[PDB]
file work-v7.cif (mmCIF, N, CA, C and O atoms and all ligand atoms)
data_upload
#
loop_
_atom_site.label_atom_id
_atom_site.label_comp_id
_atom_site.auth_asym_id
_atom_site.auth_seq_id
_atom_site.Cartn_x
_atom_site.Cartn_y
_atom_site.Cartn_z
N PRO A 1 22.28 3.43 41.46
CA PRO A 1 21.99 4.85 41.46
C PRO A 1 22.50 5.57 42.70
O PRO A 1 22.64 4.95 43.74
N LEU A 2 22.77 6.88 42.60
CA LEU A 2 23.28 7.66 43.76
C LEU A 2 22.43 7.58 45.04
O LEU A 2 22.95 7.56 46.11
N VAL A 3 21.11 7.63 44.91
CA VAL A 3 20.24 7.60 46.11
C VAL A 3 20.35 6.28 46.81
O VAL A 3 20.57 6.22 48.03
N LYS A 4 20.28 5.22 46.01
CA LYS A 4 20.40 3.89 46.58
C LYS A 4 21.77 3.74 47.26
O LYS A 4 21.86 3.11 48.29
N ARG A 5 22.79 4.40 46.73
CA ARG A 5 24.09 4.37 47.41
C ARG A 5 24.20 5.25 48.65
O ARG A 5 24.97 4.92 49.52
N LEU A 6 23.47 6.38 48.75
CA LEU A 6 23.53 7.23 49.99
C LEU A 6 22.93 6.54 51.24
O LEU A 6 23.22 6.90 52.39
N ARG A 7 22.06 5.58 50.98
CA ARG A 7 21.43 4.82 52.03
C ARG A 7 22.40 3.97 52.88
O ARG A 7 22.06 3.58 54.01
N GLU A 8 23.61 3.72 52.39
CA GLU A 8 24.62 2.89 53.09
C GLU A 8 25.35 3.61 54.23
O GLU A 8 26.04 2.98 55.02
N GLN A 9 25.26 4.92 54.27
CA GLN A 9 25.99 5.69 55.28
C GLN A 9 25.35 5.54 56.65
O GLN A 9 24.13 5.51 56.75
N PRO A 10 26.17 5.44 57.72
CA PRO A 10 25.65 5.32 59.08
C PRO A 10 24.82 6.54 59.48
O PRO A 10 23.98 6.45 60.39
N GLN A 11 25.08 7.70 58.85
CA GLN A 11 24.24 8.84 59.11
C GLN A 11 23.02 8.42 58.30
O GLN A 11 23.13 7.77 57.26
N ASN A 12 21.86 8.71 58.83
CA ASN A 12 20.61 8.37 58.19
C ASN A 12 20.27 9.51 57.23
O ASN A 12 19.31 10.23 57.44
N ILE A 13 21.10 9.66 56.20
CA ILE A 13 20.92 10.80 55.28
C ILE A 13 19.51 10.91 54.71
O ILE A 13 18.97 12.01 54.64
N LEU A 14 18.89 9.79 54.35
CA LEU A 14 17.57 9.82 53.74
C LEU A 14 16.46 10.13 54.76
O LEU A 14 15.33 10.34 54.34
N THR A 15 16.78 10.13 56.04
CA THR A 15 15.82 10.62 57.02
C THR A 15 15.72 12.14 56.93
O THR A 15 14.65 12.71 57.23
N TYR A 16 16.80 12.80 56.49
CA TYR A 16 16.82 14.26 56.39
C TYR A 16 16.50 14.78 55.03
O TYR A 16 16.17 15.97 54.90
N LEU A 17 16.62 13.94 54.01
CA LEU A 17 16.50 14.39 52.62
C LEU A 17 15.68 13.47 51.78
O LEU A 17 15.86 12.24 51.89
N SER A 18 14.79 14.01 51.00
CA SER A 18 14.07 13.33 49.90
C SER A 18 14.77 13.79 48.63
O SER A 18 14.90 15.00 48.38
N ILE A 19 15.24 12.86 47.80
CA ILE A 19 16.13 13.17 46.66
C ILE A 19 15.63 12.56 45.38
O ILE A 19 15.21 11.41 45.35
N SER A 20 15.50 13.36 44.31
CA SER A 20 15.19 12.79 42.97
C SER A 20 16.13 13.35 41.90
O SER A 20 16.21 14.61 41.74
N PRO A 21 16.78 12.47 41.07
CA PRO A 21 17.54 12.99 39.95
C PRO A 21 16.59 13.78 39.05
O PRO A 21 15.43 13.40 38.92
N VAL A 22 17.14 14.81 38.42
CA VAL A 22 16.33 15.62 37.46
C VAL A 22 16.94 15.49 36.07
O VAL A 22 18.07 15.85 35.85
N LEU A 23 16.17 14.88 35.19
CA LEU A 23 16.59 14.70 33.81
C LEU A 23 16.00 15.73 32.88
O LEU A 23 14.85 16.05 32.99
N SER A 24 16.84 16.09 31.95
CA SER A 24 16.47 16.92 30.78
C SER A 24 17.15 16.34 29.53
O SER A 24 18.40 16.34 29.41
N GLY A 25 16.38 15.68 28.66
CA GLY A 25 17.02 15.09 27.48
C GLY A 25 17.95 14.00 27.93
O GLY A 25 17.57 13.28 28.88
N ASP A 26 19.17 14.00 27.41
CA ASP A 26 20.20 13.00 27.78
C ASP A 26 21.06 13.54 28.92
O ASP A 26 22.10 12.97 29.19
N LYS A 27 20.60 14.59 29.59
CA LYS A 27 21.40 15.20 30.67
C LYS A 27 20.79 15.09 32.04
O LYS A 27 19.59 15.26 32.18
N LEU A 28 21.66 14.91 33.00
CA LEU A 28 21.23 14.97 34.36
C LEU A 28 21.49 16.42 34.80
O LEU A 28 22.61 16.92 34.70
N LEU A 29 20.48 17.13 35.27
CA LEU A 29 20.64 18.53 35.72
C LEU A 29 21.17 18.65 37.16
O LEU A 29 21.75 19.65 37.55
N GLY A 30 20.96 17.58 37.89
CA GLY A 30 21.34 17.56 39.32
C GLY A 30 20.31 16.76 40.03
O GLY A 30 19.56 15.98 39.48
N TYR A 31 20.30 16.93 41.36
CA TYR A 31 19.40 16.17 42.24
C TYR A 31 18.54 17.12 42.99
O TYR A 31 19.05 18.01 43.73
N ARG A 32 17.24 16.97 42.86
CA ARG A 32 16.27 17.89 43.52
C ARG A 32 16.14 17.43 44.97
O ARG A 32 15.88 16.27 45.27
N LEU A 33 16.28 18.37 45.91
CA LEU A 33 16.26 18.10 47.32
C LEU A 33 15.03 18.69 47.98
O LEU A 33 14.63 19.82 47.71
N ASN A 34 14.43 17.89 48.88
CA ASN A 34 13.31 18.33 49.72
C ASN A 34 13.50 17.67 51.06
O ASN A 34 14.29 16.74 51.26
N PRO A 35 12.74 18.13 52.07
CA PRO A 35 12.93 17.53 53.38
C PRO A 35 12.55 16.08 53.41
O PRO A 35 11.55 15.65 52.81
N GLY A 36 13.32 15.33 54.20
CA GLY A 36 12.97 14.00 54.60
C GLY A 36 11.91 14.09 55.76
O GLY A 36 11.40 15.21 56.10
N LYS A 37 11.70 13.00 56.47
CA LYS A 37 10.83 13.02 57.65
C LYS A 37 11.31 14.01 58.66
O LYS A 37 10.47 14.63 59.36
N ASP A 38 12.62 14.19 58.81
CA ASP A 38 13.21 15.20 59.71
C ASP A 38 13.64 16.33 58.83
O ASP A 38 14.58 16.18 58.06
N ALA A 39 12.97 17.45 58.93
CA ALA A 39 13.20 18.65 58.13
C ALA A 39 14.19 19.65 58.69
O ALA A 39 14.27 20.79 58.22
N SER A 40 15.01 19.18 59.61
CA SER A 40 15.97 20.04 60.32
C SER A 40 16.94 20.83 59.48
O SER A 40 17.19 21.99 59.85
N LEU A 41 17.38 20.29 58.34
CA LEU A 41 18.41 20.94 57.53
C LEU A 41 17.84 22.07 56.72
O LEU A 41 18.61 22.78 56.05
N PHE A 42 16.53 22.25 56.69
CA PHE A 42 15.85 23.23 55.85
C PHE A 42 15.57 24.47 56.67
O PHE A 42 14.71 24.47 57.56
N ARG A 43 16.34 25.54 56.42
CA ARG A 43 16.36 26.73 57.23
C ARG A 43 17.13 27.79 56.44
O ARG A 43 17.74 27.50 55.42
N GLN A 44 17.03 29.04 56.93
CA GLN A 44 17.63 30.17 56.17
C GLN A 44 19.08 30.08 55.69
O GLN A 44 19.40 30.31 54.50
N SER A 45 19.90 29.64 56.57
CA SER A 45 21.28 29.47 56.22
C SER A 45 21.59 28.04 55.91
O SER A 45 22.69 27.56 55.98
N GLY A 46 20.58 27.24 55.53
CA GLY A 46 20.75 25.85 55.18
C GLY A 46 20.10 25.54 53.87
O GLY A 46 20.23 26.33 52.92
N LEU A 47 19.42 24.38 53.75
CA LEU A 47 18.80 24.04 52.48
C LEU A 47 17.42 24.66 52.40
O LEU A 47 16.81 25.07 53.38
N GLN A 48 16.97 24.75 51.16
CA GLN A 48 15.63 25.20 50.83
C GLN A 48 14.91 24.18 50.03
O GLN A 48 15.52 23.44 49.26
N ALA A 49 13.60 24.11 50.18
CA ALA A 49 12.81 23.19 49.39
C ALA A 49 13.10 23.42 47.91
O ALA A 49 13.21 24.57 47.41
N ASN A 50 13.15 22.31 47.21
CA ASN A 50 13.43 22.30 45.75
C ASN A 50 14.78 22.81 45.34
O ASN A 50 15.01 23.15 44.17
N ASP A 51 15.73 22.80 46.26
CA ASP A 51 17.09 23.09 45.86
C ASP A 51 17.57 22.01 44.87
O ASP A 51 17.16 20.86 44.90
N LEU A 52 18.48 22.41 43.99
CA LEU A 52 19.10 21.51 43.00
C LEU A 52 20.53 21.28 43.35
O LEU A 52 21.33 22.23 43.20
N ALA A 53 20.85 20.10 43.85
CA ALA A 53 22.24 19.72 44.17
C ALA A 53 23.03 19.45 42.90
O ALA A 53 22.67 18.59 42.09
N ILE A 54 24.13 20.20 42.74
CA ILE A 54 24.98 20.05 41.56
C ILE A 54 26.45 19.64 41.86
O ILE A 54 27.15 19.20 40.91
N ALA A 55 26.91 19.76 43.08
CA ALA A 55 28.28 19.33 43.44
C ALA A 55 28.31 18.81 44.85
O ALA A 55 27.58 19.29 45.71
N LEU A 56 29.24 17.89 45.09
CA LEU A 56 29.46 17.31 46.43
C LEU A 56 30.97 17.38 46.63
O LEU A 56 31.74 16.82 45.86
N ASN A 57 31.38 18.19 47.65
CA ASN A 57 32.82 18.42 47.89
C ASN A 57 33.57 18.85 46.66
O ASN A 57 34.70 18.44 46.35
N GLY A 58 32.93 19.72 45.91
CA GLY A 58 33.47 20.27 44.75
C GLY A 58 33.50 19.41 43.48
O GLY A 58 33.99 19.84 42.45
N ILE A 59 32.97 18.16 43.55
CA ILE A 59 32.87 17.23 42.45
C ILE A 59 31.48 17.34 41.83
O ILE A 59 30.47 17.28 42.55
N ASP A 60 31.45 17.49 40.53
CA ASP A 60 30.23 17.62 39.74
C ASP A 60 29.36 16.37 39.83
O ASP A 60 29.73 15.28 39.37
N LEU A 61 28.14 16.52 40.34
CA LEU A 61 27.21 15.43 40.47
C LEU A 61 26.56 15.05 39.17
O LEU A 61 25.93 13.99 39.11
N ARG A 62 26.69 15.92 38.19
CA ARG A 62 26.03 15.70 36.88
C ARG A 62 26.83 14.78 36.02
O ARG A 62 26.26 14.23 35.08
N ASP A 63 28.06 14.49 36.40
CA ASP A 63 28.95 13.64 35.59
C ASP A 63 28.96 12.30 36.31
O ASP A 63 29.40 12.21 37.43
N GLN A 64 28.47 11.26 35.65
CA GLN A 64 28.35 9.94 36.26
C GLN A 64 29.62 9.35 36.93
O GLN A 64 29.55 8.98 38.10
N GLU A 65 30.76 9.26 36.23
CA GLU A 65 31.97 8.68 36.87
C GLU A 65 32.47 9.55 38.02
O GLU A 65 32.89 9.01 39.05
N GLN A 66 32.42 10.87 37.85
CA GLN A 66 32.83 11.78 38.94
C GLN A 66 31.93 11.63 40.16
O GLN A 66 32.40 11.52 41.31
N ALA A 67 30.63 11.61 39.95
CA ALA A 67 29.74 11.44 41.06
C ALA A 67 30.03 10.16 41.80
O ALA A 67 29.94 10.13 43.03
N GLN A 68 30.34 9.09 41.06
CA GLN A 68 30.68 7.82 41.70
C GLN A 68 31.85 8.01 42.62
O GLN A 68 31.84 7.53 43.74
N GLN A 69 32.86 8.71 42.14
CA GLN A 69 34.07 8.97 42.94
C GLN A 69 33.71 9.79 44.18
O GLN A 69 34.07 9.43 45.30
N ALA A 70 32.92 10.84 44.00
CA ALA A 70 32.51 11.66 45.14
C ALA A 70 31.78 10.86 46.23
O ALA A 70 32.03 11.00 47.42
N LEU A 71 30.90 9.96 45.81
CA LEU A 71 30.15 9.15 46.76
C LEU A 71 30.99 8.13 47.53
O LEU A 71 30.77 7.91 48.73
N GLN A 72 31.96 7.51 46.87
CA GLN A 72 32.81 6.53 47.59
C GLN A 72 33.63 7.29 48.64
O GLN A 72 33.85 6.81 49.76
N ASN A 73 34.01 8.51 48.28
CA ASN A 73 34.77 9.38 49.20
C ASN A 73 34.01 9.86 50.45
O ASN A 73 34.67 10.15 51.46
N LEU A 74 32.69 10.00 50.40
CA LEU A 74 31.87 10.46 51.55
C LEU A 74 31.93 9.51 52.79
O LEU A 74 31.82 9.97 53.94
N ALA A 75 32.15 8.22 52.54
CA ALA A 75 32.24 7.20 53.60
C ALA A 75 33.02 7.59 54.88
O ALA A 75 32.46 7.53 55.99
N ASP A 76 34.29 7.97 54.76
CA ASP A 76 35.04 8.34 55.97
C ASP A 76 35.23 9.85 56.13
O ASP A 76 36.23 10.27 56.70
N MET A 77 34.29 10.68 55.65
CA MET A 77 34.46 12.13 55.82
C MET A 77 33.77 12.61 57.05
O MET A 77 32.72 12.06 57.44
N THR A 78 34.30 13.67 57.65
CA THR A 78 33.72 14.25 58.85
C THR A 78 32.84 15.50 58.56
O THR A 78 32.01 15.89 59.35
N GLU A 79 33.05 16.14 57.43
CA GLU A 79 32.27 17.34 57.08
C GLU A 79 32.29 17.33 55.60
O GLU A 79 33.32 17.03 55.00
N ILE A 80 31.13 17.61 55.01
CA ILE A 80 31.00 17.59 53.58
C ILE A 80 30.27 18.81 53.10
O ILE A 80 29.51 19.44 53.88
N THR A 81 30.55 19.23 51.89
CA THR A 81 29.87 20.40 51.37
C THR A 81 29.04 20.06 50.17
O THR A 81 29.51 19.34 49.26
N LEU A 82 27.87 20.64 50.11
CA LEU A 82 26.99 20.48 48.97
C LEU A 82 26.86 21.84 48.28
O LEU A 82 26.72 22.91 48.96
N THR A 83 27.01 21.88 46.96
CA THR A 83 26.72 23.04 46.16
C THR A 83 25.31 22.85 45.56
O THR A 83 25.08 21.84 44.91
N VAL A 84 24.45 23.83 45.81
CA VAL A 84 23.11 23.81 45.24
C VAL A 84 22.88 25.03 44.35
O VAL A 84 23.54 26.06 44.55
N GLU A 85 22.00 24.88 43.37
CA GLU A 85 21.55 26.01 42.55
C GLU A 85 20.12 26.31 43.08
O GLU A 85 19.23 25.38 43.29
N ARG A 86 19.88 27.58 43.34
CA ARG A 86 18.63 28.02 43.93
C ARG A 86 18.26 29.34 43.21
O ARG A 86 19.02 30.28 43.28
N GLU A 87 17.08 29.37 42.55
CA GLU A 87 16.66 30.51 41.68
C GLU A 87 17.84 31.14 40.90
O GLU A 87 18.10 32.34 41.02
N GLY A 88 18.57 30.30 40.17
CA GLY A 88 19.71 30.74 39.34
C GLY A 88 21.09 30.86 39.97
O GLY A 88 22.10 30.81 39.25
N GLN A 89 21.15 30.99 41.31
CA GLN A 89 22.43 31.18 42.03
C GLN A 89 22.96 29.93 42.72
O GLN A 89 22.15 29.07 43.11
N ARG A 90 24.27 29.81 42.79
CA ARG A 90 24.89 28.73 43.52
C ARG A 90 25.09 29.16 44.97
O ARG A 90 25.31 30.34 45.33
N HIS A 91 25.00 28.16 45.83
CA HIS A 91 25.20 28.31 47.26
C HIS A 91 25.89 27.07 47.79
O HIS A 91 25.48 25.94 47.46
N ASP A 92 26.85 27.19 48.67
CA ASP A 92 27.55 26.09 49.32
C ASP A 92 27.05 25.96 50.74
O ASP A 92 27.02 26.97 51.50
N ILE A 93 26.74 24.75 51.15
CA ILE A 93 26.26 24.44 52.44
C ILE A 93 27.12 23.31 52.94
O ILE A 93 27.37 22.36 52.19
N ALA A 94 27.66 23.44 54.15
CA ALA A 94 28.42 22.37 54.78
C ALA A 94 27.63 21.66 55.87
O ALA A 94 26.81 22.23 56.55
N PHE A 95 27.94 20.37 56.00
CA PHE A 95 27.28 19.50 56.93
C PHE A 95 28.27 18.71 57.77
O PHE A 95 29.08 18.02 57.21
N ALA A 96 28.16 18.83 59.08
CA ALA A 96 28.95 18.04 60.03
C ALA A 96 28.32 16.62 60.10
O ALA A 96 27.11 16.51 60.29
N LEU A 97 29.10 15.56 59.88
CA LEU A 97 28.59 14.18 59.87
C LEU A 97 28.93 13.35 61.11
O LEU A 97 29.49 13.88 62.03
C1 LIG B 1 22.77 14.73 46.26
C2 LIG B 1 23.84 14.26 47.22
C3 LIG B 1 23.35 14.62 48.60
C4 LIG B 1 24.27 14.18 49.73
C5 LIG B 1 23.91 15.11 50.86
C6 LIG B 1 24.30 14.74 52.28
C7 LIG B 1 23.86 15.97 53.04
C8 LIG B 1 23.66 16.06 54.34
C9 LIG B 1 23.93 15.00 55.34
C10 LIG B 1 23.17 15.40 56.60
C11 LIG B 1 23.45 14.57 57.84
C12 LIG B 1 22.73 15.20 59.03
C13 LIG B 1 22.93 14.45 60.34
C14 LIG B 1 24.35 13.92 60.49
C15 LIG B 1 24.45 12.98 61.68
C16 LIG B 1 24.49 13.75 63.00
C17 LIG B 1 23.83 15.12 62.87
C18 LIG B 1 22.61 15.22 63.77
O1 LIG B 1 22.76 15.46 64.99
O2 LIG B 1 21.48 15.05 63.25
#
call {"tool": "encode", "arguments": {"input": "work-v7.cif", "output": "structure tokens", "more": "lines below"}}
Ligand SMILES: CCCCCC/C=C\CCCCCCCCCC(=O)O
result
Amino acid sequence: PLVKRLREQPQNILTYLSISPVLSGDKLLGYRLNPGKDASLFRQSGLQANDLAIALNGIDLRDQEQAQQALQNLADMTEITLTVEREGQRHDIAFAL
């Protein structure tokens, strides 16, 4: 699963984020995000509680093979962008790694 795979990164991503896939029927809607033990990324121009992650570096997280590709690619990246849906609207947030 994607969460179990994010745990391999030297950045302690799961210290900053609590993540659950969101299912509807046979569809994955995205990944629901909330603060980890360190809530630093949650701020006005950053993430919000209950944001829905739908893309990583422009790759659709809802599509299983694409998401796999996006995750293998995060390994040697220096800055990554997350697209979230928040009360109907998309927002892009970048993170320095
Ligand atoms: C659903 C897929 C979610 C993947 C999201 C990854 C998002 C953010 C990574 C945040 C890393 C934050 C700390 C990076 C290491 C150094 C930064 C610091 O000084 O804390």
call {"tool": "closest_residue", "arguments": {"input": "work-v7.cif", "among": "A:83, A:45, A:34, A:57", "to": "residue A:14", "atoms": "only C-alpha atoms"}}
result
A:34
call {"tool": "residues_near_ligand", "arguments": {"input": "work-v7.cif", "ligand": "ligand LIG 1 (chain B)", "cutoff": "6 Å", "atoms": "only C-alpha atoms and all ligand atoms", "output": "list in words"}}
result
residues 11, 13, 31, 53, 95 and 97 of chain A
call {"tool": "select_by_dssp", "arguments": {"input": "work-v7.cif", "residues": "stretch 26-83 of chain A", "states": "strand (DSSP E)", "output": "ChimeraX atom specification"}}
result
/A:27-35,51-56,59-60,79-83
call {"tool": "atom_distance", "arguments": {"input": "work-v7.cif", "atom1": "atom N of residue A:62", "atom2": "atom O of residue A:28"}}
result
5.5 Å
call {"tool": "residues_around", "arguments": {"input": "work-v7.cif", "residues": "residue A:21", "least_positions_apart": "2", "cutoff": "5 Å", "atoms": "only N, CA, C and O atoms", "output": "PyMOL selection string"}}
result
chain A and resi 19+23+30-32
call {"tool": "atom_distance", "arguments": {"input": "work-v7.cif", "atom1": "atom CA of residue A:25", "atom2": "atom CA of residue A:80"}}
result
29.7 Å
call {"tool": "closest_residue", "arguments": {"input": "work-v7.cif", "among": "A:3, A:29, A:71, A:41", "to": "residue A:94", "atoms": "only C-alpha atoms"}}
result
A:41
